[PDB]
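Take a look at the structure set out below.
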Amino acid sequence: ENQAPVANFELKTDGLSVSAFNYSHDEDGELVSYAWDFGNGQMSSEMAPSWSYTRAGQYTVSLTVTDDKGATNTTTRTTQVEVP
Ligand SMILES: [Ca+2]
Ligand SMILES: [Zn+2]
Ligand SMILES: [Zn+2]
Ligand SMILES: [Zn+2]
């Protein structure tokens, strides 16, 4: 009766630069890994990455988290970045 982990985040945008606040957690265990796709061909295994887009646009950012039993969940959010 493992509970699958909770994937969640919020983005902070500053022109084309973005930072992630990671709210992911496991109610009954621990998170072991993080897999981000920034929607522009760039990816990360960091918990709370900072990145920058090279051009303005709307992108889908995805985060997959894994718990201590190997269960996963994915949450995605669109974001918009503009040149300053
Ligand atoms: Ca769990
Ligand atoms: Zn919770
Ligand atoms: Zn803990
Ligand atoms: Zn604007």
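Note that the numbering runs from 1 along the sequence shown for the chain. As the structure lists them, so they are numbered: ligands from 1, and atoms in each ligand from 1.
- At most 12 non-hydrogen atoms from other residues, nucleotides or ligands lie less than 6.0 angstrom from CD of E30.
- Looking at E46 and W36, their side chains never come closer than 4.5 Å, going by heavy atoms from C-beta outward.
- Within the 4.5 Å cutoff, no side-chain heavy atoms of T74 are placed close to those of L63.
- Inclusion of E27 in the first shell of the Ca ion (ligand 1) is not supported: no N, O or S atom falls under 3.0 Å.
- Looking at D67, its N, O or S atom nearest to the Ca ion (ligand 1) turns out to be OD2.
- Vertex the Zn ion (ligand 2), arms ending at NE2 of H25 and OE1 of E27: the angle is 90° after rounding to 10 degrees.
- With the Ca ion (ligand 1) as the vertex, OD1 (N2) and O (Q3) define an angle of 80°, rounded to 10°.
- The ring of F38 has its center no closer than 6.0 angstrom to the ring center of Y59.
- Backbone or side-chain N, O or S atoms of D26 reach the Ca ion (ligand 1) at under 3.0 Å.
- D28 lies close to the Ca ion (ligand 1), since one of its N, O or S atoms is found at a distance under 3.0 Å.
- By the 6.0 Å contact criterion, CD on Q58 is enclosed, its count of non-hydrogen atoms from other residues, nucleotides or ligands being greater than 12.
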